[PDB]
Amino acid sequence: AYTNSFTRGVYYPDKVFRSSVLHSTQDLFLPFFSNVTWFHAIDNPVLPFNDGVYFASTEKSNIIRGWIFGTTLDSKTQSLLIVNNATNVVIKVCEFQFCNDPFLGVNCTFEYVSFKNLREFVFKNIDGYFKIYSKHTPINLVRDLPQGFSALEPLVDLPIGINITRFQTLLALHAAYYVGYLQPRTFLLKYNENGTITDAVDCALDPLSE
Amino acid sequence: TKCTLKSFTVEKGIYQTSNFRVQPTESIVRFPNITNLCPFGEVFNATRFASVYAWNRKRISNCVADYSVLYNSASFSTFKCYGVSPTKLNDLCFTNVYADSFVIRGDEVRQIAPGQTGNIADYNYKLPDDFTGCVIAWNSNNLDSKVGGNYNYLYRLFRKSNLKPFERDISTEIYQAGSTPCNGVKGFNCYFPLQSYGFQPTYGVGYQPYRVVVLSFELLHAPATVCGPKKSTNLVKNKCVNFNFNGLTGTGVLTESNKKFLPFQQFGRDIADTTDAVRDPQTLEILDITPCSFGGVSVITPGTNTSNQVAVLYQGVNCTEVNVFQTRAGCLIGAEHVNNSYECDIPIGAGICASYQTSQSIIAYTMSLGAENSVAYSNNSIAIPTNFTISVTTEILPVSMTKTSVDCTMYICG
Amino acid sequence: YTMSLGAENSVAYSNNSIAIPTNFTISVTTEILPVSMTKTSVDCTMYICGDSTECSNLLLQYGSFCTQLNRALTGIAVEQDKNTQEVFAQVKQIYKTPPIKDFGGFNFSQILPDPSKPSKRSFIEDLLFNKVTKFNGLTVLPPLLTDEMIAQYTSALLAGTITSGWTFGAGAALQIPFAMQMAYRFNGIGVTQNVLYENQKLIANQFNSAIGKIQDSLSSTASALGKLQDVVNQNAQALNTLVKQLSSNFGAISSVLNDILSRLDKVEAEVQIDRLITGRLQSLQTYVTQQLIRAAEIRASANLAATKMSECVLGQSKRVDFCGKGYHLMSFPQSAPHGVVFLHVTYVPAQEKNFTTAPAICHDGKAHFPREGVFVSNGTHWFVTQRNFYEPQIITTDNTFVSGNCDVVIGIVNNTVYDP
Amino acid sequence: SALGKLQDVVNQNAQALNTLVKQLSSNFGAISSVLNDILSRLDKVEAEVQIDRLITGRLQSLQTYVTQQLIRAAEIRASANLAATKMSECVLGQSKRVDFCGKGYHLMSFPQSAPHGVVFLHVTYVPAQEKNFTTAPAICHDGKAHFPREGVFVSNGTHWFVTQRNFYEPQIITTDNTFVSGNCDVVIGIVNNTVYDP
């Protein structure tokens, strides 16, 4: 099952204000208009991480609550954990094995806490500086992602140094969601007067985009 | 002017000489209040470090220190730096520091730098060749060696392939050194990948242990979690000043900002991508860097043969920033304005022209394009000239130049 | 596809026939030329060293490169005034328009100085000025002339050109009525002056209409400013490159000059800054070289414009495809950003008609010839006409001369040449 | 000061050579700009590096000089093309091109040599003494319209005359100096007058 990625998976490039500029960079990005896998909350498989990921979920009961990432995902060594515990957000790298089907029933070197509802995220590994970006909004559709622009906003950099080869999403249980991979791509951007990006081009998309 | 033109005599004209940058009025310093002491004392007096394949990436953050305690320290047998000089460390600010630290024999300490080779570099700790940081060590035969050999210290002697920059690997699996298919079994061409030093206190320097730290440095646009011991001033605005924010030196008008930032933006940047707006790290004040006014100094003069007097055009300047006369072209000091208009003489810009005249002074005026003339036109008017003249205008053209030649060889090499 | 070279046309050559036109057009053909680029200047020390005194000293190792860079951009900057002045300030006196427009039909109003507006721009010049689209040691100097002074010169040139013919370039503006002016331009291209008066109402209305069509062309056509907008874009593009070049490393550890100085010992920073200096210096020499070449290129267009001014405005050129296409009558300058626009006014024949011709005629058995023009017949009678308009005149004593007995000539014919 | 163009060319060459010389004093990051110092203080394996800086610097100054010379030579060549054209148009003939062979209606020109240049003395006409008159683009006589074979029709009030277009020289309108262009009706601003017949 698929949806099109459209121009989804765009995120803020650096911590710099610029005045309305048509700026450019090469970075890990979601390939424009790629088809990307569609999932039904009947299923939360283990997926590769590869270079980096886009994830998004279309919800109203908000069944999605987190992700687990790492080498083993069974906690036999460190494995990254993220869970939005409602008003708050847990992050850990724990070797403690939680439930072997990993849902909330309705030692760690790091441990911390901070269909209309589309929640969107982007994840990448850079020299063990693991960077994450985000957005969430109401939308008027279940089956496919919205075609309009927005640059996702930084959550964290995690310089934790884990070999994240695999990951899986996490739930609260007694929705639909979508996943795809980033690629090193040359890009063009459109800032505004308030230091804020407002459109972008994947140069690697086609000869016009070049 | 005389020095710009490298001569004691100068003709009538208008001449570049300098740019008057309105001077930086004071030197601001601003840093995060992160002034608790860094654990470098515990690092450089550590009880021990790890065996070198498992080198300690000890992140150092959220603190400050006087590095002169360290770079003048009698502790070190080795103290080296890359992309930085140690005298500057007390001015520096860093996003993070990482004290990549371990024990090895003295013969392998020379492997610990960019471009270096051998199994400690290649199978235990490989630097980026694009490093920024420092390499520090002390001979530890006093503490790490023991009689009968201290075998608690180890290194990777073998691996299938060399380490990438900052790669780390704890695997104990048998190294297949050749055609023997090891299948987890040691033997001929099937070896354990680690080796133990067995440090005896009687060993010579080549086998004597060394405690080692490599300070890997991170410097990026995010707030400086580390600095040297240097102390902030108060903040200042709306004046041309010298400044530092978060280790970044700069100079400009620290204007109040109409430039709305996003919350995560520590800086804003020019078309040049040079820093162009800044945040006070403590006061969280977004400052907009308007340039310090930088007037090109066009000196206006008759010739020194004629007169010693002068006028000055600071190009693009408003006179308040510095008798005087403002223009669209900038601030004209020392000329005398005139309501009349004549033909131009020294051209200045935006229709302004000047000359020196009689009580003598340099007048400045808007130029006259010429005599103005209403023609006697109609549907029936004519004029026809009853008399005429011959005339002899003289036209001058260059047609050649002096044929030079150079032996590039004898010119360069004599 | 293979491009068309145009549609083909086998012209029907013969030893015996001519096509001679019965009607024409007073079409107006626009032309555009650059005259100046933006007067930049770079303080090479400010650009290279950015107020690092350390760098500012170190640069003396490279000696007089920084002075000759200022000198070269100064030389360009000076000759921009020269270009702008030498195109427009060709007229010696600021002629001003008469209070009444008694031209004999020609509705100049759109290209004149606007007599109501506070600035002397024409209606068409306003469309042009409305069509067209730095902090780090780079600077832009002002033009010497103001944009309104430029309008006074184009106004004056146009006013002399209206009130006095071409005479105001070479003498006083000897006044003569504008209908007599057109009769001279006609008299130039072999069109006998009577032909103007014989068609004046129509001829003026063609001009008026053609002017209106140029307004609409410039109003509609976003590409019309192509040459002038190109010159602006190239110089903006060059500076934007020269600014972004500040950020190249040239093999230094950083392209931020202050950053090196904020990390390093002088003994290191000398080597690093030797790279940046050599880099920024090579980039600035590159820009200056391209500006010198582009300034020579603009100076060709400035000499070309100054000549188009000296010929097409201040006379009637004999040079085919110099003052617009075809049998040129007159031209008007209009100002623009960085450049100039010419309206060229030209007589173009349009309605052809075919005829029989003989290069000579025999009446006394001696050969007669056209004192000017061609011998022609439709087959009913023989006539002579001037070259570019079908005015059949009876072949007479009055429009011919004789050159001996007929024997040598070929295609010659018998005809009854009349004597009054 | 009239000869400023030629003196400027000489000054530009002199300025360029003096610059090219003076750059030999610059060290370009070498310990001395005198080549013999390095060769008399240092020894080959070290000496080469400083010598290579001097080579690089001296060479880049020479590259710059040659490049400015090419551009400057292109300007002089454009000026030589202009001169060659004025020689052919103005000296080997007379120019129809207004002001090209000097300002005014051109008569003739004389060349004179000068160092690195040429000068022309352009002999030109300029009109000098206006009289105003009234004018009409045609005459009507005997129900025929008349036009000048050459010249303009003018009046001092007291008389009407044909005259040549650029020097006042009046003559009476005659059947000889006029041509007829048909009946009287079509012309604007035409006037009644007698045209004489000899």
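Chain D is numbered as in Swiss-Prot; the shown residues are, in order, 943-1140.
Header entry for method reads electron microscopy, 3.8 Å.
Just so it is clear, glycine is given a Cβ too, placed from its N, Cα and C backbone atoms.
Per Swiss-Prot, the features are:
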type: COILED; residues: D:949-993; note: coiled coil
type: DISULFID; residues: D:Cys1032-D:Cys1043; note: disulfide bond
type: DISULFID; residues: D:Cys1082-D:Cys1126; note: disulfide bond
type: CARBOHYD; residues: D:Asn1074; note: N-linked glycosylation site
type: CARBOHYD; residues: D:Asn1098; note: N-linked glycosylation site
type: CARBOHYD; residues: D:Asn1134; note: N-linked glycosylation site
DSSP-derived class (H/G/I helix, E/B strand, else coil) of D:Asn1134 (N-linked glycosylation site): strand
Nearest of the recorded positions (D:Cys1032, D:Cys1043, D:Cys1082, D:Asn1098, D:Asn1134) to D:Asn1074 (N-linked glycosylation site) - Cα to Cα: D:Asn1098
By Cα-Cα distance, the member of recorded positions D:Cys1082, D:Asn1098, D:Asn1134 nearest D:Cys1032 (disulfide bond): D:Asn1098
Secondary structure at D:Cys1082 (disulfide bond), reduced by DSSP to three states: strand
List of the recorded positions D:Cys1032, D:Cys1043, D:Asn1074, D:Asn1098, D:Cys1126, D:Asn1134 facing chain B, defined by a Cβ pair under 8 Å: D:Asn1074
Distance, D:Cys1126 (disulfide bond) to D:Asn1134 (N-linked glycosylation site) (CA atoms, angstrom): 10
The one of D:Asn1074, D:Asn1134 whose CB sees the fewest other CB atoms within 10 Å, among these glycosylation sites: D:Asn1134
Cβ neighbour count within 10 Å of D:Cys1032 (disulfide bond): 24
Neighbouring C-beta atoms (10 Å sphere around the C-beta of D:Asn1098 (N-linked glycosylation site)): 12
Winner by Cβ contact number (other Cβ atoms within 10 Å) across the disulfide-bonded residues D:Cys1043, D:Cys1082, D:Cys1126: D:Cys1043
Between D:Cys1043 (disulfide bond) and D:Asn1098 (N-linked glycosylation site), the C-alpha gap once rounded to whole angstrom: 35
Mapped DSSP class for D:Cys1032 (disulfide bond), helix or strand or coil: helix
C-alpha spacing of D:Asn1098 (N-linked glycosylation site) relative to D:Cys1082 (disulfide bond), in angstrom: 18
Distance from D:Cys1126 (disulfide bond) back to D:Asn1098 (N-linked glycosylation site), taken between C-alpha atoms, in Å: 24
